[PDB]
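Residue numbers (the entry's author numbering): 35 to 79.
All remarks here apply to the structure that follows.
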């Protein structure tokens with residue numbers, strides 16, 4: 035059921051290049067975050 039809303043693109047008329055990034059906050063939890071820095075990962079302290 036988690037997959038209902040997951041497939042989408044940004045609908046704002048003009049925007050920057052969006053790159054998949056993997057974010058790790060301080061959990062052990064990770065989120066897919068679309069951000070303009072191509073770097074494959076960022077981990078939060």
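Virtual Cβ for every residue (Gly too), placed ideally from N, Cα, C.
query	result
For residue 35 and residue 50, the rounded distance between their alpha carbons	30 Å
Between the CA atoms of residue 76 and residue 62 - distance to the nearest angstrom	13 Å
Rounded Cβ spacing between residue 52 and residue 44 (contact assumed at less than 8 Å)	6 Å
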